[PDB]
Structures are given as structure tokens and as C-alpha cells.
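Participant: Please see the structure below; I have some questions.
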Amino acid sequence: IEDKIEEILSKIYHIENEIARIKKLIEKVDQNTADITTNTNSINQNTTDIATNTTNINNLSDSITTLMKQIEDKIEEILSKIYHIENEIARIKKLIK
Amino acid sequence: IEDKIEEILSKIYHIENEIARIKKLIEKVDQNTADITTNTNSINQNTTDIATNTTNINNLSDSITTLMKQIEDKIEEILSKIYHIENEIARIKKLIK
Amino acid sequence: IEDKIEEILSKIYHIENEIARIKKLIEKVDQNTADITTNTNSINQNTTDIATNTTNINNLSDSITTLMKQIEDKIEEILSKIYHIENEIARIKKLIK
Ligand SMILES: [Cl-]
Ligand SMILES: [Cl-]
Ligand SMILES: [Cl-]
Ligand SMILES: [Cl-]
């Protein structure tokens, strides 16, 4: 019995050491949670800025699109009237001679 | 007393089992921390590339802006001359006849 | 001995309260794991959308590049035609007089 007790006390001391080492994790789980929140903030930040960038790419693209469609057709008109002027000038120079 | 001991031994066996299961978190908390760091690497990277993309949507926009302003102008003055040449060909043809 | 036992029982009750307190962390470790996976999902999404935005900025840029090169070309030739038309309108007007 005195030996039962000695043994029993030993088992107990070994255990309270083990619980010593498990209380380290209270400190650690805590900082992890703090970080998951920080990482989460950062993600949301990034999700908005992709949204702002997305919005601008699709705008910049659409406005270029339509504007140049319209330049190409000044230049279209313009090249026609230039031909047709050069016709004229050929025929005026004929008539003088 | 002998009953006091038996009880005590039971409480102890139940405990060392409890502690077996809690030992399992030493792994989990360690995996999780490694991951918060990996997730944090990834974020910072995305953060940079949103920066590079932002920078371009701002540069691309500015260079388009100024180029087309200049072009629409060169077309404006080109179209002016042309109309005015069309005037001078009308009036020349009117003098020949 | 009876005092050894009383002590031993005390150490035990204190301990099981420890283990009460420490089973607190299980729900906290596994709400954190849930979250690391969520944050990890969200990263992967952001990563792709930066990819889609990147792809387009490079596209928008490349298409503008080449188009203006080609317009600036047509205008390079159109402006020649125009000089050379003003030449002949000068010379036509000098022949009429
Ligand atoms: Cl972006
Ligand atoms: Cl954790
Ligand atoms: Cl995270
Ligand atoms: Cl991200």
C-alpha cells in the first residue's frame, strides 16, 4: 500500500508536468485566431481592389472600342473624299489644256 | 481506504486517457500556424499583383487619353483643310465655265 | 497516510479542473481550422481574378499598340496626299491667271 501510494504520487507528478506543457497552447491558439482575422481583413481589402481594377479594365476597354470605331470612319470618309478630289483635279487640268 | 485507493486509481486512469486526446492538439495547432504563414505569403503576393495591375490601368488609361486627344485633333484639322479644298475646287470650276 | 490521501485527492480535483479548462480549446482549434480553409478558398479566387485582369491589361495594351501604329501610318500617307493636292491647287490657280 505504501508502494501503491508512492506510485500514485509519481503518476500524479508526471501528469501535472504534462498539463504544464498543454497550457502553452492557450497562448498559441490565441495568436493564431488573431492572425486568421488579420489575414481575413487583408483578403477583403484585396477583393475590393480587384473589383476597382476589374471595373476600370472593362470601362477603359469599352470606351476605347467605341471611340476608335469612330476614328476609323473619319478616316474612311476622309480617304474617299481625297480620291474624289484627285479625280476633280485630274479633270480640271485636262480642261485647261 | 482500500476503496479510497481503488477510486483514486480509476480517476487517474480516466485522466491519462483525457490527456491522450488533448496531446493530439499539439499537432493541430502546429499545422494551423504553418498554414496561417502560407496563407499570409499568398496574400502578400496577390497584394503586389493587384499593385502591378492597378499601376497599369492608371498608365494605360493615361497614355490612351493623351494619344486619342491628339488624334481626334489631327483629324479635326485634316477635315478642316479638306472642306476648304472642296471650296477651292468648286470656285475654280466655276471660273473655268 | 490519511493525509497523503487527502492531499492526493486535492491534487486530482485541481487537475480535472485544468482539464475542464483545456477542453475549451478544442472548439477554438477547430473553428480556426475551418477558417484557414475559408481564407484559403478566398485567396485562390482572388488569385484567379488577378489572372483574368492581368490577361486583359496585357491584351488591351497590345491591341491599342498595334492599332495606333497602323492608324498613325494611314495618317502618315494621308498627309502626304494632302500636301501634294495643295501643290496642284496652287499651280491650277496660277494657270487660270
Ligand atoms: Cl487586378
Ligand atoms: Cl489553432
Ligand atoms: Cl488564414
Ligand atoms: Cl488575396
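Going by the C-alpha cells order, chains are called A, B, ..., each with residues numbered from 1, while ligands are numbered from 1 in the order shown.
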For residue 30 (chain A), find every residue with an atom within 9 Å (counting only C-alpha atoms), except residues of its own chain fewer than 5 positions away, and show them as a PyMOL selection string.

Facilitator: (chain A and resi 25+35) or (chain C and resi 28)

Participant: Could you take the residues named above and write them with N, CA and C atoms, as a CSV table (one decimal), in the first residue's frame?

Facilitator:
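Here's the written file selection_25.csv:
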```csv
chain,number,residue,atom,x,y,z
A,25,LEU,N,-0.4,25.9,-25.2
A,25,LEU,CA,-1.2,26.0,-26.4
A,25,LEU,C,-2.3,27.1,-26.2
A,35,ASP,N,-4.4,36.2,-36.0
A,35,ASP,CA,-3.9,36.2,-37.4
A,35,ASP,C,-5.0,35.7,-38.4
C,28,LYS,N,-12.2,25.9,-30.2
C,28,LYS,CA,-11.4,27.1,-30.7
C,28,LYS,C,-10.3,26.7,-31.8
```

Participant: Counting only C-alpha atoms and all ligand atoms, name the residues that have an atom within 7 Å of an atom of ligand 3; the answer should be given as a list in words.

Facilitator: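 Protein and nucleic-acid residues within 7 Å of ligand 3: residues 35, 36, 39 and 40 of chain A; 35, 36, 39 and 40 of chain B; 35, 36, 39 and 40 of chain C.
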
Participant: Those residues you just picked out, can you put them in a file as a short mmCIF file (atom, residue, chain, number, x, y, z; two decimals), in the first residue's frame with N, CA and C atoms?

Facilitator:
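Here's the written file out.cif:
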```cif
data_model
loop_
_atom_site.label_atom_id
_atom_site.label_comp_id
_atom_site.auth_asym_id
_atom_site.auth_seq_id
_atom_site.Cartn_x
_atom_site.Cartn_y
_atom_site.Cartn_z
N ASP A 35 -4.38 36.25 -36.00
CA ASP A 35 -3.92 36.17 -37.36
C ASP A 35 -4.98 35.74 -38.37
N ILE A 36 -5.86 34.83 -38.03
CA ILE A 36 -6.82 34.45 -39.05
C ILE A 36 -7.64 35.70 -39.33
N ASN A 39 -5.34 38.08 -41.57
CA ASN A 39 -5.45 37.51 -42.92
C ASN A 39 -6.84 37.78 -43.58
N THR A 40 -7.89 37.70 -42.79
CA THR A 40 -9.21 37.89 -43.35
C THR A 40 -9.44 39.32 -43.78
N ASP B 35 0.16 26.90 -41.74
CA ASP B 35 -0.81 27.39 -42.72
C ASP B 35 -1.11 28.88 -42.62
N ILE B 36 -1.23 29.44 -41.44
CA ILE B 36 -1.54 30.87 -41.44
C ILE B 36 -0.36 31.58 -42.14
N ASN B 39 -0.83 30.89 -46.10
CA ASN B 39 -1.92 31.84 -46.47
C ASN B 39 -1.47 33.30 -46.46
N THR B 40 -0.62 33.67 -45.52
CA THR B 40 -0.09 35.06 -45.45
C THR B 40 0.90 35.40 -46.56
N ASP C 35 -11.65 28.17 -40.61
CA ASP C 35 -11.28 29.48 -41.13
C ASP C 35 -10.06 29.49 -41.98
N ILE C 36 -9.08 28.68 -41.67
CA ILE C 36 -7.88 28.71 -42.52
C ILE C 36 -8.28 28.20 -43.91
N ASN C 39 -10.33 31.21 -45.63
CA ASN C 39 -9.36 32.16 -46.10
C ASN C 39 -8.58 31.62 -47.33
N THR C 40 -8.32 30.32 -47.34
CA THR C 40 -7.57 29.70 -48.42
C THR C 40 -8.35 29.59 -49.72
#
```

Participant: Over all C-alpha atoms, paired in order, superpose chain B onto chain A by least squares and report how large the RMSD is in Å.

Facilitator: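 That gives an RMSD of 0.4 Å.
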
Participant: Would you name the residues within 6 Å of ligand 2, counting only C-alpha atoms and all ligand atoms, and put them as a PyMOL selection string?

Facilitator: (chain A and resi 29+32) or (chain B and resi 29+32) or (chain C and resi 29+32)

Participant: Using only C-alpha atoms and all ligand atoms, what table do you get, as a Markdown table, when you list each residue of chain C with an atom no more than 10 Å from ligand 1, its nearest pair of atoms, and their distance in Å rounded to one decimal, rows by chain then rising number?

Facilitator:
```
| residue | atom | partner | partner_atom_place_in_ligand_line | distance |
| --- | --- | --- | --- | --- |
| C:46 | CA | ligand 1 | 1 (Cl) | 8.8 |
| C:47 | CA | ligand 1 | 1 (Cl) | 9.3 |
| C:48 | CA | ligand 1 | 1 (Cl) | 9.7 |
| C:49 | CA | ligand 1 | 1 (Cl) | 6.9 |
| C:50 | CA | ligand 1 | 1 (Cl) | 4.5 |
| C:51 | CA | ligand 1 | 1 (Cl) | 7.7 |
| C:52 | CA | ligand 1 | 1 (Cl) | 8.0 |
| C:53 | CA | ligand 1 | 1 (Cl) | 5.1 |
| C:54 | CA | ligand 1 | 1 (Cl) | 6.6 |
| C:55 | CA | ligand 1 | 1 (Cl) | 9.8 |
| C:56 | CA | ligand 1 | 1 (Cl) | 9.7 |
| C:57 | CA | ligand 1 | 1 (Cl) | 9.0 |
```

Participant: When distances are computed from only C-alpha atoms and all ligand atoms, which of C:97, C:80, C:44, C:73 shows the smallest separation from ligand 4?

Facilitator: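 Nearest to ligand 4: C:44.
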
Participant: Which value, in Å to one decimal, gives the distance between CA of residue 95 (chain B) and CA of residue 83 (chain C)?

Facilitator: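 Here the two named atoms are 23.4 Å from each other.
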
Participant: List the spatial neighbours of residue 86 (chain C) as a list in words - criterion: any atom at most 12 Å away, only C-alpha atoms, same-chain residues fewer than 4 positions off excluded.

Facilitator: residues 82, 85, 86 and 89 of chain A; 81, 82, 84, 85, 86, 88 and 89 of chain B; 79, 80, 81, 82, 90, 91, 92 and 93 of chain C

Participant: Between CA of residue 71 (chain A) and CA of residue 60 (chain C), what is the distance in Å, rounded to a tenth?

Facilitator: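 So the answer is 17.6 Å.
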